[PDB]
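Notes follow the structure.
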Amino acid sequence: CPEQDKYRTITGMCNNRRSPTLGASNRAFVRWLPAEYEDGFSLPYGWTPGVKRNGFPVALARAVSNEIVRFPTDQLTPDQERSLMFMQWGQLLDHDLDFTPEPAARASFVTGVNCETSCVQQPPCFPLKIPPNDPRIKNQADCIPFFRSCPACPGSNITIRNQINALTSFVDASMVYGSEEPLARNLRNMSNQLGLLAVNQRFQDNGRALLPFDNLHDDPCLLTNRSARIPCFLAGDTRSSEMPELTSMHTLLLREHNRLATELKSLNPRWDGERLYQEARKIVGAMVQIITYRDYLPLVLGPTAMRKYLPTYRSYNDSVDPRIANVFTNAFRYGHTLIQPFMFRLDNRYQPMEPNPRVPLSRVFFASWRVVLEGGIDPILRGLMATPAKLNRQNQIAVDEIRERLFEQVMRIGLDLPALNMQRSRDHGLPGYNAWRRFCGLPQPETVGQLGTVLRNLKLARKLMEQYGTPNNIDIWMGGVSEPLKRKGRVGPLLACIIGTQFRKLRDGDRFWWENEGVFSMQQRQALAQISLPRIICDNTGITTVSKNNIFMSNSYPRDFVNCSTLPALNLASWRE
Amino acid sequence: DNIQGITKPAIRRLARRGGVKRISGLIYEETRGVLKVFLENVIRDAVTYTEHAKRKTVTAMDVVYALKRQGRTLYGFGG
Amino acid sequence: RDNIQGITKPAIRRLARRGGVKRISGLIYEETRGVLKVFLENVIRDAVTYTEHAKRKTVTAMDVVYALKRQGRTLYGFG
Amino acid sequence: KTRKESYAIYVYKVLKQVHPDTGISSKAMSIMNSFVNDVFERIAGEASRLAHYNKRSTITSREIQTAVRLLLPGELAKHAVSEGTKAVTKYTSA
Amino acid sequence: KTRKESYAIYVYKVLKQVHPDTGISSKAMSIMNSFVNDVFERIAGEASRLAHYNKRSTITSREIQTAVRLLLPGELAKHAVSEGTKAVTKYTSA
Amino acid sequence: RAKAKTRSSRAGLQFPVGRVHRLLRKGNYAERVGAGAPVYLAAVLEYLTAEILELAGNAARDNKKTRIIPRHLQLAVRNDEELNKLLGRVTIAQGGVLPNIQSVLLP
Amino acid sequence: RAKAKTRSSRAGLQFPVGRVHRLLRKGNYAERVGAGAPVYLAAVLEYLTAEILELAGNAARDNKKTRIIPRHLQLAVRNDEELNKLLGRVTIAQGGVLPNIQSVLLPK
Amino acid sequence: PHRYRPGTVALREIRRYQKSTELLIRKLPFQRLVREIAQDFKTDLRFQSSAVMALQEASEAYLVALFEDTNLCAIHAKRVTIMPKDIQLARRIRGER
Amino acid sequence: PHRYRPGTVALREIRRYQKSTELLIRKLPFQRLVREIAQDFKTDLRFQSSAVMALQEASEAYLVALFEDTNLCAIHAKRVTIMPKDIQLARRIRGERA
DNA sequence: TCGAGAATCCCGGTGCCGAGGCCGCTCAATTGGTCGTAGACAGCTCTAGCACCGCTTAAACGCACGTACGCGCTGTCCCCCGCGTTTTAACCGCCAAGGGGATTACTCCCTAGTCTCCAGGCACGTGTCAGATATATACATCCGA
DNA sequence: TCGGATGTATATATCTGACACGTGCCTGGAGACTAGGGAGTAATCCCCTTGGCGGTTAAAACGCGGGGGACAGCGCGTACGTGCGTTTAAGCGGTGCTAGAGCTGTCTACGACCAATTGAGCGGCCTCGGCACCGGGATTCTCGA
Ligand SMILES: *[C@@H]1O[C@H](CO)[C@@H](O)[C@H](O)[C@H]1NC(C)=O
Ligand SMILES: *[C@@H]1O[C@H](CO)[C@@H](O)[C@H](O)[C@H]1NC(C)=O
């Protein structure tokens, strides 16, 4: 690529001068630790019964998710300093850095034995074996569907199988801008030179924009209920329509891009459409990076963990690998513990919206019609702003809604998100919890007493040892989540170490960082530092009352809620040029 | 690239005042770096002092205030 | 009373080894004793003056801590 | 004996909140008390100087925030500043 | 403008007492004013802290004398102390 | 009257807001002390104390000792660049010295 | 009433007693300030100023100049051991450095 | 061709610059450097001329002291010429690294 | 017999003494020296044991820092043996004798 | 590479003194009003900092050179290290006398505070005289010869 | 060693603008009280400091042997100070513009202040377990073949 470029490529090509392939899409994940497969070439643990992990038999992911994380839903403890917006932004950020592709069921109708229906253990099917006494399915012959992750370099069993990354590693607001040139071409309208992004041409919400509609061979959105006939939304990620809250966030981002492009056209009418679109993309990427590294990270790692793993920015460094670590994919999914069993919708008075203001999460997955035909994104955003998140407790790891009745309307049987996460971890073949503790430098427990001491709970240590037998057999997700929380944080020390290291690598290795010299004008950063999420919600959404600074912390009304006019608007006078 | 404004003859004159007879060729880069670090520290302190007073003009009075704070108090420019 | 010899040569050797010194000459001990005497004289003078103001005949650890803090060598662990 | 005031109970509470099982010793308690007293004295002196320094007779949150920004070096200061703001915000709420 | 009080005529009076012929430039006037202000601030701060140590809320001649003895190094201090004593004496008699 | 509620509970901090306010008022710092300054000062002190305590606990756990001793405190303070800069001219009693040797002195 | 005499006249001091007293009282140094403390402070300040100014005047006379410039003040401050110790960390604007060269650097 | 041997007019310059009290750094480049450094912290900043003068005086004093200490280190190292290692060692001993 | 080469047990002593936190100067001689030094300022002065301990800790810390700086100067001078001129230069640079 | 050897490091019992917790209670923090004033805010002004603009010209830049110097190599010896042995007193554990730190009650004298007024100190406006600026001179001082 | 070359302190005019002085005016320092509490001074309690005893043994002092490195030659490449020719923006001096520093007048809400209340934290008094000490075995770095 030419050495004189000042906008990021769609695929993230040549972001690092030394290696153009660093951080590019459709590339294999980087491995911090060597693989821990079953046969050492390509096999997940538990594939062949009777084989033990370091001398101890492997535990079924469903079996370990039945008695470790599951807790009654009536004893929920809301987090007094965590909003649902916090978990939603965490999920949105996870929807940007990684997306592991899976082979299609239709394309695997011959040799892939349609794993979505049957569960014969043949590639690429990795079904979850079921234990007895299961509260939901009493029949042992049943099976939770699961698809093997797509390999990176197909061939002989000479190299350890890796996973392919289908999204840009860098934080460049790729969740709504796409990651491939064919995806980005149809994601922006070419009817004129305004530079705006695609806007749905069928249904509008109070005169505002929405994600463009998409057509697929087997659309899961149509399977919600046939009286709707609302298709799945199209955005930078395939799973943009997984939940209405996530697609409302994507709608907000798209509206932000459209408003920024319109304002820039008003400021500089002489600019062409492509230049306007590139400028809007760059500003939106800087926005996302600023929000993530100023309002989200301090509310995840904690003051100590962030100060130890995310020091002050010195300058751009091209020697740090910016690729997504294979452990980050299974570590950043800790947000499943911060989810809430119900989705909330509120009015301008911040009161429940009829008919269904508190909807169970079971009847909300893959429901694109709720956004279109039930008031838009205003009540969804209000509920996300004014609903406390669920506190992450050792005996209350995750609610049963995403554990027992997730994706019920789409697939034949409900899935189990924690066991799914553990099965994905075993498929990727990452080392055990003890090995990652060794990697982060933390002490490595070996007995029941040591595990109880490090986890500060003897009962949970006994529960874990009843299944795994040894600390080295603990999967990364369970070990990370079950660890005690930090001070003013929401993750354990190991998860904090992993997340901080990965985000430091992503920030230092980013040649288009908003604070990096040359990428942004030396005077524009002062105006960009004044942006904030509630202000931009005020700008691009009809609501009039929002939260104060650090929106992820305020979760009460009207104790700490302020009007739209108080927040300072973003100043774009420095872009006149 | 403005830090080159501190010309090599200027650094040579400063060293001559300090009492240095012979100067190596690599001294100038280190001197420029040290000067930049010291100016960054003093200017940051002065800018913080000015920002506190809701002022947009950084006076010499705030500069000598910052120098006194840093432990390098200067006379002849106020207090 | 020539009590400055109370700090023996092996004591200064141990202090240097704590400091990270591999080889210690034979003429260092006199200089180390002189430096220790000067530092102790300064700190003791400050502490004794502090005690003198308070009309006390006993020099408490608090006075020594305050003298060290004034000298720029603030000492923790005593108040 | 008289009632001498020390920060032992508060530092112990902070330690228990951070490390529920790790204990502390008397010498470490004295060291922490002296350190907190020294930091408080430095910040209060800087704030008093700043208050008198622009011809103002009061010390507000802005003076303490500026003193913290000036004294604490590097990222620490920023974090501290954020923490301070958060605390004040809570008093604004209640 | 407004009255900006500074030690300007006092330094000139001291110079006239010491050197009956030589003058002093404006830059040296400012330097002398800054030196006087700095010494005054240092001695006053030392006296305030020293009185705070003994739980005495009133600064007297003893506190200033002790601060002068602590701060000024060497023979100077002794001379200064002597001078100070004489001044106080001239108050007591008159 | 209404039930007593300590200012630390309102601020959410663990350090004493009232004691800090009294020290500021009676410390000869200013004629008047604002109502928000002591809360900010207590928050900053609590954050610094928590930082040092967490680092010392990490060092002590690395040394297989349950109780925090001054050696662990010095190891934690001197191993952090920002905290070392803060306590540049502070000597910790019975703190020891960071274990290091110059490269040339080695065999 | 009676004729008003400045408190600096009673103590035989050329420095302002009243101004020093007001500065001490309003500088938030202590709640109460005694009567003799401002006079002691004025005497100390006058003696220090007299010493440094006498040294500066001697330097100026040695330099064949009548007025005292900052260079003379810097020479007077640095050439005296006690005053150098007092102002060790004080930089005088346009003061320069005492003329000295190390023995080895001398040509031979 | 009267050419002074290396090391004579250097000492002449040393004596002349020690005897004088001028400013050895050109005013405009130092002002531009100060403005460039300050604008990284707050844009649209206005500097009084006295502010640039005071900053220049403090910088000159600090640099002169550092160069004197570096010369002392170099002379201790049985050398006449100063080197960047001498500057680094002087800064490390002074307590700035 | 077993005779360690010179410069070997010195490194072992360095490693051992940099790991411990004891007091290297004997308590009684230091207390007697402190009393002798204070004798020149006021006669019949009584010292608290805590004051003597604090003085010992401060003196040990100052001497250790001075020795570290002197070792740095010596290793700068292409030498591994500390000499008194290195101590003098370190003190002069730090700003004590200047 | 390959054995001996001495120091260091890793585990098993011992118990002991310091750390964590509990119990009174007391003095400091809290709540509830009051009132004076310090600071926020609006408006005006007129220093003074910022932005071209032309002409010198001292200073920076670039280059030729060769000589003093940084640095590498080498030889001496002698000073400091390692260690064995003997002598010194540091340290540990009671043991007693008491100087003086620490606490408490009376009070009285001194400093905060207030009203008044008049004089010291400041900002103004200025005229002159140390001082900076040319300029020729006689030393002050360095480099082959 | 002595004549020539460069640099500079020195004596002599010549402007020049910085300052020491004179003056009008303003505000705060001082005289003259009143009032209350800070602490000066007895008076007492008992805490911890000092001096002393005596035994163990860790540590310091002394001396012998040797090795390595501090230091002084000796030399070699080089790089940087010195001077000359070329180029450059620094400084000066004017000119113009307006940003905002600073000042003044209003008004309010915010903190000092006082009284009653009560509970948060501190001193004393426990009780137990984390680790310093003790011992024995495994590990490792050093050093002579
Ligand atoms: C089916 O979806 C439509 C979408 O408009 C909705 O109105 C209707 O209530 C849904 N029916 C059920 C039974 O959920
Ligand atoms: C970049 O980071 C690497 C470690 O990943 C570090 O070694 C290197 O020095 C850094 N480079 C710069 C220029 O800071």
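A note on labels: chains of the structure tokens are A, B, ... as shown, every chain counts residues from 1, and ligands are counted from 1 in their shown order.
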Exercise. Can you tell me which residues sit at most 8 Å away from ligand 1, counting only C-alpha atoms (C1' of nucleotides) and all ligand atoms, written as a count of residues only?
Worked result: 10
Exercise. Would you list which chain G residues are within 12 Å of chain I using only C-alpha atoms, as a PyMOL selection string?
Worked result: chain G and resi 78+81-82+84-89
For this session: Produce as a PyMOL selection string the set of residues near ligand 2, where near means within 9 Å with only C-alpha atoms (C1' of nucleotides) and all ligand atoms considered.
Result: chain A and resi 314-321+505+508-509
For N, CA, C and O atoms, I'd like the residues from the last selection saved as a PDB file, in the first residue's frame.
ATOM      1  N   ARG A 314       2.586   6.930  25.323  1.00  0.00           N
ATOM      2  CA  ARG A 314       3.833   7.614  24.997  1.00  0.00           C
ATOM      3  C   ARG A 314       3.911   7.948  23.509  1.00  0.00           C
ATOM      4  O   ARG A 314       3.995   9.120  23.132  1.00  0.00           O
ATOM      5  N   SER A 315       3.872   6.925  22.659  1.00  0.00           N
ATOM      6  CA  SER A 315       3.937   7.093  21.213  1.00  0.00           C
ATOM      7  C   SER A 315       3.581   5.759  20.572  1.00  0.00           C
ATOM      8  O   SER A 315       3.535   4.722  21.238  1.00  0.00           O
ATOM      9  N   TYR A 316       3.329   5.801  19.267  1.00  0.00           N
ATOM     10  CA  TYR A 316       3.005   4.585  18.533  1.00  0.00           C
ATOM     11  C   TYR A 316       4.211   3.657  18.476  1.00  0.00           C
ATOM     12  O   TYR A 316       5.344   4.093  18.249  1.00  0.00           O
ATOM     13  N   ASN A 317       3.960   2.367  18.684  1.00  0.00           N
ATOM     14  CA  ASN A 317       5.000   1.345  18.660  1.00  0.00           C
ATOM     15  C   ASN A 317       4.589   0.276  17.660  1.00  0.00           C
ATOM     16  O   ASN A 317       3.498  -0.292  17.770  1.00  0.00           O
ATOM     17  N   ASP A 318       5.456   0.006  16.687  1.00  0.00           N
ATOM     18  CA  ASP A 318       5.162  -0.982  15.657  1.00  0.00           C
ATOM     19  C   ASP A 318       5.684  -2.373  15.993  1.00  0.00           C
ATOM     20  O   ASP A 318       5.495  -3.296  15.193  1.00  0.00           O
ATOM     21  N   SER A 319       6.329  -2.548  17.145  1.00  0.00           N
ATOM     22  CA  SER A 319       6.881  -3.840  17.530  1.00  0.00           C
ATOM     23  C   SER A 319       5.915  -4.689  18.346  1.00  0.00           C
ATOM     24  O   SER A 319       6.246  -5.836  18.667  1.00  0.00           O
ATOM     25  N   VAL A 320       4.745  -4.166  18.687  1.00  0.00           N
ATOM     26  CA  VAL A 320       3.759  -4.906  19.465  1.00  0.00           C
ATOM     27  C   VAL A 320       2.743  -5.529  18.519  1.00  0.00           C
ATOM     28  O   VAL A 320       2.233  -4.878  17.602  1.00  0.00           O
ATOM     29  N   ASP A 321       2.446  -6.808  18.746  1.00  0.00           N
ATOM     30  CA  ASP A 321       1.510  -7.538  17.903  1.00  0.00           C
ATOM     31  C   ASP A 321       0.094  -7.076  18.220  1.00  0.00           C
ATOM     32  O   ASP A 321      -0.348  -7.228  19.370  1.00  0.00           O
ATOM     33  N   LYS A 505      -1.989  -4.049  23.991  1.00  0.00           N
ATOM     34  CA  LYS A 505      -1.464  -4.422  22.681  1.00  0.00           C
ATOM     35  C   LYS A 505      -2.268  -3.772  21.561  1.00  0.00           C
ATOM     36  O   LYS A 505      -1.700  -3.312  20.564  1.00  0.00           O
ATOM     37  N   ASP A 508      -1.346   0.230  21.699  1.00  0.00           N
ATOM     38  CA  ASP A 508       0.012   0.568  21.283  1.00  0.00           C
ATOM     39  C   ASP A 508       0.245   0.234  19.815  1.00  0.00           C
ATOM     40  O   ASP A 508       0.887   1.006  19.093  1.00  0.00           O
ATOM     41  N   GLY A 509      -0.269  -0.904  19.353  1.00  0.00           N
ATOM     42  CA  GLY A 509      -0.071  -1.311  17.976  1.00  0.00           C
ATOM     43  C   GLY A 509      -0.946  -0.612  16.961  1.00  0.00           C
ATOM     44  O   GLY A 509      -0.785  -0.846  15.761  1.00  0.00           O
TER      45      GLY A 509
END
Problem set entry | 9 Å contact set for residue 68 of chain I, only C-alpha atoms (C1' of nucleotides), chain neighbours under 3 positions out, as a VMD selection string | (chain C and resid 16 18 to 21) or (chain I and resid 63 to 65 71 to 73)
With chain D as the partner and 8 Å as the cut-off, tabulate the residues of chain A that qualify, each row holding the nearest pair of atoms and their distance in Å to one decimal, using only C-alpha atoms, sorted by chain and rising number, as a Markdown table.
| residue | atom | partner | partner_atom | distance |
| --- | --- | --- | --- | --- |
| A:303 | CA | D:79 | CA | 6.7 |
| A:307 | CA | D:75 | CA | 6.8 |
| A:311 | CA | D:75 | CA | 6.7 |
| A:312 | CA | D:75 | CA | 6.0 |
| A:486 | CA | D:18 | CA | 7.4 |
| A:487 | CA | D:18 | CA | 6.2 |
| A:559 | CA | D:93 | CA | 5.9 |
| A:560 | CA | D:93 | CA | 6.2 |
For those residues, write N, CA and C atoms to a file as a short mmCIF file (atom, residue, chain, number, x, y, z; two decimals), in the first residue's frame.
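Result file selection.cif:
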data_model
loop_
_atom_site.label_atom_id
_atom_site.label_comp_id
_atom_site.auth_asym_id
_atom_site.auth_seq_id
_atom_site.Cartn_x
_atom_site.Cartn_y
_atom_site.Cartn_z
N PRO A 303 -9.03 0.58 39.15
CA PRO A 303 -7.94 1.57 39.14
C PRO A 303 -6.56 0.95 39.19
N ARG A 307 -4.11 0.92 35.80
CA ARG A 307 -2.85 1.64 35.96
C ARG A 307 -1.65 0.73 35.78
N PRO A 311 -0.74 1.94 30.89
CA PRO A 311 -0.06 3.18 31.30
C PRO A 311 -0.39 4.34 30.38
N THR A 312 0.17 5.51 30.66
CA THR A 312 -0.06 6.67 29.82
C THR A 312 0.53 6.46 28.43
N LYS A 486 -12.10 -7.46 41.75
CA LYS A 486 -11.09 -6.50 42.19
C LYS A 486 -11.78 -5.36 42.94
N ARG A 487 -11.03 -4.30 43.23
CA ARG A 487 -11.58 -3.12 43.89
C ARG A 487 -12.15 -2.19 42.83
N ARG A 559 -32.19 10.51 40.51
CA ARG A 559 -31.14 10.94 41.43
C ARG A 559 -29.96 11.56 40.68
N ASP A 560 -29.54 10.94 39.58
CA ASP A 560 -28.35 11.38 38.85
C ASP A 560 -28.63 11.41 37.35
#
